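Worksheet for the structure shown next.
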Amino acid sequence: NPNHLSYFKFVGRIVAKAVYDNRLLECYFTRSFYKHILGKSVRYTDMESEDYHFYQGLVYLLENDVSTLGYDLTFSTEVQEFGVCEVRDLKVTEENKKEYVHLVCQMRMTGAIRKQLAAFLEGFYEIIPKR
């Protein structure tokens, strides 16, 4: 849909309208999306439901030496957004992975939705202040 961002801003408005009216909607968003509407970072355990094998890759990164990978990685990943596939920087080491799993999960959750999300947040925060 070429106007889709505007519709995501509309549904953010409709969510804030349901909240303002104190009326319940049958929405069942992810903990990730509720965190985004609250401005909270996601956690790597959220990836388990969205992309189990990518969660499994991160869990293979945790509690294992980088030497178990047998080839190097860096803070860059291939992402399909809007049907375009692009390699995007995220900004590897024993010190960086603590942030990589956090940041890689940010990129994997938002990259494909960052503009829909910004439109939704504009619809929501138009009516319900973020704070």
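A note on labels: chains of the structure tokens are A, B, ... as shown, every chain counts residues from 1, and ligands are counted from 1 in their shown order.
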
As a PDB file with N, CA and C atoms, in the first residue's frame, please: every residue in chain A that DSSP puts in alpha helix (DSSP H).
ATOM      1  N   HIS A   4       0.751   3.471   3.275  1.00  0.00           N
ATOM      2  CA  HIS A   4       0.638   2.639   4.468  1.00  0.00           C
ATOM      3  C   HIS A   4       1.074   3.369   5.735  1.00  0.00           C
ATOM      4  N   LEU A   5       2.118   4.196   5.644  1.00  0.00           N
ATOM      5  CA  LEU A   5       2.556   4.952   6.813  1.00  0.00           C
ATOM      6  C   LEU A   5       1.428   5.811   7.376  1.00  0.00           C
ATOM      7  N   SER A   6       0.604   6.386   6.501  1.00  0.00           N
ATOM      8  CA  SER A   6      -0.503   7.215   6.964  1.00  0.00           C
ATOM      9  C   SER A   6      -1.543   6.380   7.699  1.00  0.00           C
ATOM     10  N   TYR A   7      -1.749   5.143   7.258  1.00  0.00           N
ATOM     11  CA  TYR A   7      -2.692   4.266   7.939  1.00  0.00           C
ATOM     12  C   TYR A   7      -2.153   3.810   9.288  1.00  0.00           C
ATOM     13  N   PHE A   8      -0.845   3.576   9.378  1.00  0.00           N
ATOM     14  CA  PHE A   8      -0.236   3.281  10.675  1.00  0.00           C
ATOM     15  C   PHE A   8      -0.360   4.465  11.633  1.00  0.00           C
ATOM     16  N   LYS A   9      -0.262   5.686  11.110  1.00  0.00           N
ATOM     17  CA  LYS A   9      -0.535   6.854  11.941  1.00  0.00           C
ATOM     18  C   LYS A   9      -2.005   6.947  12.326  1.00  0.00           C
ATOM     19  N   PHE A  10      -2.894   6.480  11.454  1.00  0.00           N
ATOM     20  CA  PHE A  10      -4.309   6.455  11.797  1.00  0.00           C
ATOM     21  C   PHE A  10      -4.590   5.454  12.907  1.00  0.00           C
ATOM     22  N   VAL A  11      -4.030   4.251  12.802  1.00  0.00           N
ATOM     23  CA  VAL A  11      -4.270   3.254  13.838  1.00  0.00           C
ATOM     24  C   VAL A  11      -3.631   3.664  15.159  1.00  0.00           C
ATOM     25  N   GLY A  12      -2.474   4.335  15.135  1.00  0.00           N
ATOM     26  CA  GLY A  12      -1.964   4.916  16.371  1.00  0.00           C
ATOM     27  C   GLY A  12      -2.911   5.934  16.979  1.00  0.00           C
ATOM     28  N   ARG A  13      -3.521   6.764  16.133  1.00  0.00           N
ATOM     29  CA  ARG A  13      -4.585   7.648  16.596  1.00  0.00           C
ATOM     30  C   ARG A  13      -5.764   6.875  17.176  1.00  0.00           C
ATOM     31  N   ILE A  14      -6.134   5.756  16.561  1.00  0.00           N
ATOM     32  CA  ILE A  14      -7.299   5.003  17.023  1.00  0.00           C
ATOM     33  C   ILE A  14      -7.008   4.312  18.348  1.00  0.00           C
ATOM     34  N   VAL A  15      -5.776   3.845  18.534  1.00  0.00           N
ATOM     35  CA  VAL A  15      -5.373   3.289  19.822  1.00  0.00           C
ATOM     36  C   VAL A  15      -5.447   4.361  20.899  1.00  0.00           C
ATOM     37  N   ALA A  16      -4.885   5.536  20.620  1.00  0.00           N
ATOM     38  CA  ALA A  16      -4.958   6.608  21.601  1.00  0.00           C
ATOM     39  C   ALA A  16      -6.391   7.081  21.830  1.00  0.00           C
ATOM     40  N   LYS A  17      -7.263   6.960  20.830  1.00  0.00           N
ATOM     41  CA  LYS A  17      -8.677   7.275  21.019  1.00  0.00           C
ATOM     42  C   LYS A  17      -9.390   6.259  21.898  1.00  0.00           C
ATOM     43  N   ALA A  18      -9.093   4.977  21.715  1.00  0.00           N
ATOM     44  CA  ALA A  18      -9.646   3.963  22.600  1.00  0.00           C
ATOM     45  C   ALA A  18      -9.167   4.145  24.034  1.00  0.00           C
ATOM     46  N   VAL A  19      -7.880   4.443  24.213  1.00  0.00           N
ATOM     47  CA  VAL A  19      -7.356   4.698  25.553  1.00  0.00           C
ATOM     48  C   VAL A  19      -7.979   5.945  26.171  1.00  0.00           C
ATOM     49  N   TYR A  20      -8.112   7.021  25.395  1.00  0.00           N
ATOM     50  CA  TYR A  20      -8.711   8.238  25.931  1.00  0.00           C
ATOM     51  C   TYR A  20     -10.165   8.015  26.318  1.00  0.00           C
ATOM     52  N   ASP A  21     -10.911   7.278  25.499  1.00  0.00           N
ATOM     53  CA  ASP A  21     -12.295   6.970  25.829  1.00  0.00           C
ATOM     54  C   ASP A  21     -12.415   5.952  26.952  1.00  0.00           C
ATOM     55  N   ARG A  31       5.065  -7.851  22.895  1.00  0.00           N
ATOM     56  CA  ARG A  31       5.726  -7.106  23.954  1.00  0.00           C
ATOM     57  C   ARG A  31       6.695  -6.113  23.346  1.00  0.00           C
ATOM     58  N   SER A  32       7.234  -6.449  22.174  1.00  0.00           N
ATOM     59  CA  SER A  32       8.106  -5.533  21.453  1.00  0.00           C
ATOM     60  C   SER A  32       7.357  -4.266  21.075  1.00  0.00           C
ATOM     61  N   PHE A  33       6.163  -4.417  20.498  1.00  0.00           N
ATOM     62  CA  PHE A  33       5.431  -3.242  20.045  1.00  0.00           C
ATOM     63  C   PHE A  33       4.938  -2.423  21.226  1.00  0.00           C
ATOM     64  N   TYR A  34       4.582  -3.078  22.333  1.00  0.00           N
ATOM     65  CA  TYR A  34       4.198  -2.316  23.515  1.00  0.00           C
ATOM     66  C   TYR A  34       5.398  -1.571  24.077  1.00  0.00           C
ATOM     67  N   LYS A  35       6.576  -2.185  24.008  1.00  0.00           N
ATOM     68  CA  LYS A  35       7.792  -1.526  24.457  1.00  0.00           C
ATOM     69  C   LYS A  35       8.100  -0.319  23.580  1.00  0.00           C
ATOM     70  N   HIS A  36       7.915  -0.467  22.266  1.00  0.00           N
ATOM     71  CA  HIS A  36       8.121   0.650  21.351  1.00  0.00           C
ATOM     72  C   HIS A  36       7.147   1.783  21.639  1.00  0.00           C
ATOM     73  N   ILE A  37       5.893   1.448  21.957  1.00  0.00           N
ATOM     74  CA  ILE A  37       4.926   2.484  22.294  1.00  0.00           C
ATOM     75  C   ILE A  37       5.218   3.082  23.657  1.00  0.00           C
ATOM     76  N   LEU A  38       5.966   2.370  24.492  1.00  0.00           N
ATOM     77  CA  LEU A  38       6.420   2.891  25.768  1.00  0.00           C
ATOM     78  C   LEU A  38       7.835   3.447  25.693  1.00  0.00           C
ATOM     79  N   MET A  47      13.208 -12.195  20.658  1.00  0.00           N
ATOM     80  CA  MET A  47      13.506 -12.717  19.332  1.00  0.00           C
ATOM     81  C   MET A  47      13.062 -14.161  19.204  1.00  0.00           C
ATOM     82  N   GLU A  48      12.953 -14.865  20.331  1.00  0.00           N
ATOM     83  CA  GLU A  48      12.621 -16.281  20.305  1.00  0.00           C
ATOM     84  C   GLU A  48      11.279 -16.514  19.624  1.00  0.00           C
ATOM     85  N   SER A  49      10.317 -15.617  19.854  1.00  0.00           N
ATOM     86  CA  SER A  49       9.007 -15.735  19.226  1.00  0.00           C
ATOM     87  C   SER A  49       8.978 -15.196  17.799  1.00  0.00           C
ATOM     88  N   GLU A  50       9.795 -14.191  17.480  1.00  0.00           N
ATOM     89  CA  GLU A  50       9.695 -13.538  16.179  1.00  0.00           C
ATOM     90  C   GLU A  50      10.514 -14.241  15.107  1.00  0.00           C
ATOM     91  N   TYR A  52      12.795 -17.609  15.638  1.00  0.00           N
ATOM     92  CA  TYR A  52      13.395 -18.534  16.594  1.00  0.00           C
ATOM     93  C   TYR A  52      14.837 -18.870  16.250  1.00  0.00           C
ATOM     94  N   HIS A  53      15.124 -19.140  14.977  1.00  0.00           N
ATOM     95  CA  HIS A  53      16.488 -19.459  14.569  1.00  0.00           C
ATOM     96  C   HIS A  53      17.438 -18.269  14.653  1.00  0.00           C
ATOM     97  N   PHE A  54      16.924 -17.041  14.646  1.00  0.00           N
ATOM     98  CA  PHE A  54      17.800 -15.895  14.861  1.00  0.00           C
ATOM     99  C   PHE A  54      18.064 -15.715  16.349  1.00  0.00           C
ATOM    100  N   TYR A  55      17.038 -15.941  17.163  1.00  0.00           N
ATOM    101  CA  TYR A  55      17.245 -16.057  18.597  1.00  0.00           C
ATOM    102  C   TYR A  55      18.288 -17.126  18.894  1.00  0.00           C
ATOM    103  N   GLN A  56      18.142 -18.296  18.267  1.00  0.00           N
ATOM    104  CA  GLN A  56      19.090 -19.393  18.442  1.00  0.00           C
ATOM    105  C   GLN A  56      20.503 -18.995  18.044  1.00  0.00           C
ATOM    106  N   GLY A  57      20.645 -18.203  16.979  1.00  0.00           N
ATOM    107  CA  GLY A  57      21.957 -17.676  16.632  1.00  0.00           C
ATOM    108  C   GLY A  57      22.533 -16.776  17.709  1.00  0.00           C
ATOM    109  N   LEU A  58      21.701 -15.902  18.267  1.00  0.00           N
ATOM    110  CA  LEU A  58      22.167 -15.056  19.361  1.00  0.00           C
ATOM    111  C   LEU A  58      22.512 -15.881  20.600  1.00  0.00           C
ATOM    112  N   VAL A  59      21.726 -16.917  20.897  1.00  0.00           N
ATOM    113  CA  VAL A  59      22.020 -17.816  22.016  1.00  0.00           C
ATOM    114  C   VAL A  59      23.284 -18.628  21.755  1.00  0.00           C
ATOM    115  N   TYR A  60      23.593 -18.888  20.487  1.00  0.00           N
ATOM    116  CA  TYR A  60      24.858 -19.491  20.096  1.00  0.00           C
ATOM    117  C   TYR A  60      25.996 -18.493  20.204  1.00  0.00           C
ATOM    118  N   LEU A  61      25.661 -17.205  20.248  1.00  0.00           N
ATOM    119  CA  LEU A  61      26.654 -16.164  20.480  1.00  0.00           C
ATOM    120  C   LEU A  61      26.925 -15.994  21.972  1.00  0.00           C
ATOM    121  N   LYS A  97      29.773  -8.081  22.033  1.00  0.00           N
ATOM    122  CA  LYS A  97      28.583  -8.919  21.865  1.00  0.00           C
ATOM    123  C   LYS A  97      27.475  -8.575  22.852  1.00  0.00           C
ATOM    124  N   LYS A  98      27.842  -8.127  24.056  1.00  0.00           N
ATOM    125  CA  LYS A  98      26.848  -7.701  25.035  1.00  0.00           C
ATOM    126  C   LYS A  98      25.920  -6.653  24.443  1.00  0.00           C
ATOM    127  N   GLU A  99      26.468  -5.779  23.609  1.00  0.00           N
ATOM    128  CA  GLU A  99      25.716  -4.726  22.946  1.00  0.00           C
ATOM    129  C   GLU A  99      25.146  -5.223  21.621  1.00  0.00           C
ATOM    130  N   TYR A 100      25.891  -6.090  20.930  1.00  0.00           N
ATOM    131  CA  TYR A 100      25.452  -6.621  19.645  1.00  0.00           C
ATOM    132  C   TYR A 100      24.096  -7.291  19.768  1.00  0.00           C
ATOM    133  N   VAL A 101      23.931  -8.151  20.774  1.00  0.00           N
ATOM    134  CA  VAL A 101      22.657  -8.849  20.895  1.00  0.00           C
ATOM    135  C   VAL A 101      21.543  -7.863  21.219  1.00  0.00           C
ATOM    136  N   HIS A 102      21.835  -6.856  22.038  1.00  0.00           N
ATOM    137  CA  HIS A 102      20.868  -5.786  22.248  1.00  0.00           C
ATOM    138  C   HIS A 102      20.612  -5.025  20.950  1.00  0.00           C
ATOM    139  N   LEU A 103      21.683  -4.538  20.319  1.00  0.00           N
ATOM    140  CA  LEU A 103      21.535  -3.690  19.142  1.00  0.00           C
ATOM    141  C   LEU A 103      21.023  -4.475  17.944  1.00  0.00           C
ATOM    142  N   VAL A 104      21.500  -5.706  17.763  1.00  0.00           N
ATOM    143  CA  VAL A 104      21.023  -6.499  16.637  1.00  0.00           C
ATOM    144  C   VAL A 104      19.532  -6.764  16.781  1.00  0.00           C
ATOM    145  N   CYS A 105      19.061  -6.966  18.014  1.00  0.00           N
ATOM    146  CA  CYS A 105      17.629  -7.142  18.233  1.00  0.00           C
ATOM    147  C   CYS A 105      16.851  -5.856  17.991  1.00  0.00           C
ATOM    148  N   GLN A 106      17.448  -4.699  18.293  1.00  0.00           N
ATOM    149  CA  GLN A 106      16.817  -3.440  17.905  1.00  0.00           C
ATOM    150  C   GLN A 106      16.677  -3.346  16.392  1.00  0.00           C
ATOM    151  N   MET A 107      17.770  -3.596  15.672  1.00  0.00           N
ATOM    152  CA  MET A 107      17.740  -3.499  14.217  1.00  0.00           C
ATOM    153  C   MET A 107      16.742  -4.487  13.623  1.00  0.00           C
ATOM    154  N   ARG A 108      16.758  -5.730  14.099  1.00  0.00           N
ATOM    155  CA  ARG A 108      15.887  -6.753  13.539  1.00  0.00           C
ATOM    156  C   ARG A 108      14.420  -6.455  13.811  1.00  0.00           C
ATOM    157  N   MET A 109      14.101  -5.863  14.963  1.00  0.00           N
ATOM    158  CA  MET A 109      12.713  -5.514  15.242  1.00  0.00           C
ATOM    159  C   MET A 109      12.257  -4.271  14.481  1.00  0.00           C
ATOM    160  N   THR A 110      13.044  -3.193  14.511  1.00  0.00           N
ATOM    161  CA  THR A 110      12.585  -1.917  13.969  1.00  0.00           C
ATOM    162  C   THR A 110      12.882  -1.704  12.490  1.00  0.00           C
ATOM    163  N   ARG A 114      10.491   0.669  10.880  1.00  0.00           N
ATOM    164  CA  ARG A 114      10.831   1.951  11.497  1.00  0.00           C
ATOM    165  C   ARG A 114       9.912   3.094  11.057  1.00  0.00           C
ATOM    166  N   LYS A 115       9.485   3.112   9.793  1.00  0.00           N
ATOM    167  CA  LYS A 115       8.634   4.214   9.339  1.00  0.00           C
ATOM    168  C   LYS A 115       7.164   4.019   9.693  1.00  0.00           C
ATOM    169  N   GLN A 116       6.682   2.781   9.633  1.00  0.00           N
ATOM    170  CA  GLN A 116       5.361   2.468  10.164  1.00  0.00           C
ATOM    171  C   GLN A 116       5.283   2.830  11.638  1.00  0.00           C
ATOM    172  N   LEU A 117       6.321   2.471  12.385  1.00  0.00           N
ATOM    173  CA  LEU A 117       6.407   2.774  13.804  1.00  0.00           C
ATOM    174  C   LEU A 117       6.405   4.273  14.064  1.00  0.00           C
ATOM    175  N   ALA A 118       7.231   5.033  13.343  1.00  0.00           N
ATOM    176  CA  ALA A 118       7.220   6.482  13.535  1.00  0.00           C
ATOM    177  C   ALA A 118       5.862   7.097  13.217  1.00  0.00           C
ATOM    178  N   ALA A 119       5.147   6.549  12.234  1.00  0.00           N
ATOM    179  CA  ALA A 119       3.809   7.054  11.945  1.00  0.00           C
ATOM    180  C   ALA A 119       2.827   6.693  13.052  1.00  0.00           C
ATOM    181  N   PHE A 120       2.899   5.456  13.534  1.00  0.00           N
ATOM    182  CA  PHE A 120       2.053   5.030  14.638  1.00  0.00           C
ATOM    183  C   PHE A 120       2.299   5.884  15.872  1.00  0.00           C
ATOM    184  N   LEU A 121       3.566   6.072  16.234  1.00  0.00           N
ATOM    185  CA  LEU A 121       3.898   6.922  17.369  1.00  0.00           C
ATOM    186  C   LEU A 121       3.411   8.350  17.178  1.00  0.00           C
ATOM    187  N   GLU A 122       3.411   8.866  15.947  1.00  0.00           N
ATOM    188  CA  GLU A 122       2.841  10.195  15.750  1.00  0.00           C
ATOM    189  C   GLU A 122       1.338  10.202  15.989  1.00  0.00           C
ATOM    190  N   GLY A 123       0.652   9.136  15.580  1.00  0.00           N
ATOM    191  CA  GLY A 123      -0.776   9.053  15.845  1.00  0.00           C
ATOM    192  C   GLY A 123      -1.089   8.895  17.318  1.00  0.00           C
ATOM    193  N   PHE A 124      -0.273   8.119  18.024  1.00  0.00           N
ATOM    194  CA  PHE A 124      -0.503   7.868  19.440  1.00  0.00           C
ATOM    195  C   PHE A 124      -0.181   9.107  20.263  1.00  0.00           C
ATOM    196  N   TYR A 125       1.051   9.602  20.142  1.00  0.00           N
ATOM    197  CA  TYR A 125       1.502  10.750  20.908  1.00  0.00           C
ATOM    198  C   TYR A 125       0.771  12.023  20.517  1.00  0.00           C
ATOM    199  N   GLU A 126       0.071  12.034  19.378  1.00  0.00           N
ATOM    200  CA  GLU A 126      -0.770  13.187  19.080  1.00  0.00           C
ATOM    201  C   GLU A 126      -1.843  13.347  20.145  1.00  0.00           C
ATOM    202  N   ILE A 127      -2.334  12.232  20.681  1.00  0.00           N
ATOM    203  CA  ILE A 127      -3.442  12.238  21.618  1.00  0.00           C
ATOM    204  C   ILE A 127      -3.013  11.853  23.031  1.00  0.00           C
TER     205      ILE A 127
END

Applying 6 Å and only C-alpha atoms, which residues near range 76-81 of chain A remain after dropping the ones on its own chain fewer than 5 positions away? List them as a list in words.
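The residues satisfying every condition are residues 86, 87, 88, 89, 90 and 112 of chain A.
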
Residues of chain A classed as strand (DSSP E or B) by DSSP on the backbone are to be reported as a short mmCIF file (atom, residue, chain, number, x, y, z; two decimals) with N, CA and C atoms, in the first residue's frame.
data_model
loop_
_atom_site.label_atom_id
_atom_site.label_comp_id
_atom_site.auth_asym_id
_atom_site.auth_seq_id
_atom_site.Cartn_x
_atom_site.Cartn_y
_atom_site.Cartn_z
N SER A 76 27.18 -5.68 11.36
CA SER A 76 26.47 -5.42 10.11
C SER A 76 25.66 -6.65 9.76
N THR A 77 24.45 -6.42 9.24
CA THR A 77 23.52 -7.50 8.95
C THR A 77 22.77 -7.20 7.67
N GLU A 78 22.36 -8.25 6.97
CA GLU A 78 21.50 -8.09 5.80
C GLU A 78 20.06 -8.02 6.28
N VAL A 79 19.35 -6.97 5.87
CA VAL A 79 17.97 -6.73 6.27
C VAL A 79 17.13 -6.54 5.02
N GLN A 80 15.99 -7.22 4.96
CA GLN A 80 14.96 -6.92 3.98
C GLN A 80 13.96 -5.95 4.60
N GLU A 81 13.89 -4.74 4.05
CA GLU A 81 12.92 -3.73 4.42
C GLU A 81 12.19 -3.29 3.16
N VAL A 84 13.30 -4.49 -0.21
CA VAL A 84 14.68 -4.24 -0.60
C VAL A 84 15.57 -4.94 0.42
N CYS A 85 16.56 -5.69 -0.05
CA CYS A 85 17.57 -6.27 0.83
C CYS A 85 18.83 -5.43 0.77
N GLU A 86 19.32 -5.03 1.94
CA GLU A 86 20.50 -4.18 2.05
C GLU A 86 21.32 -4.65 3.24
N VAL A 87 22.64 -4.60 3.10
CA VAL A 87 23.50 -4.81 4.26
C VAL A 87 23.63 -3.48 4.99
N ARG A 88 23.28 -3.47 6.27
CA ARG A 88 23.25 -2.27 7.08
C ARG A 88 24.18 -2.45 8.27
N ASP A 89 24.94 -1.40 8.57
CA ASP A 89 25.72 -1.37 9.79
C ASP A 89 24.81 -1.31 11.02
#

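Near range 91-95 of chain A, within 7 Å and counting only C-alpha atoms, sit residues 73, 74 and 75 of chain A; same-chain residues fewer than 5 positions away were not included.
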
Take the residues from that selection and write them out as a compact mmCIF listing (two decimals), in the first residue's frame, keeping C-alpha atoms.
# COMPACT_ATOMS: atom_id res chain seq x y z
CA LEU A 73 31.26 -11.34 12.05
CA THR A 74 30.91 -7.59 12.51
CA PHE A 75 28.17 -5.14 13.49
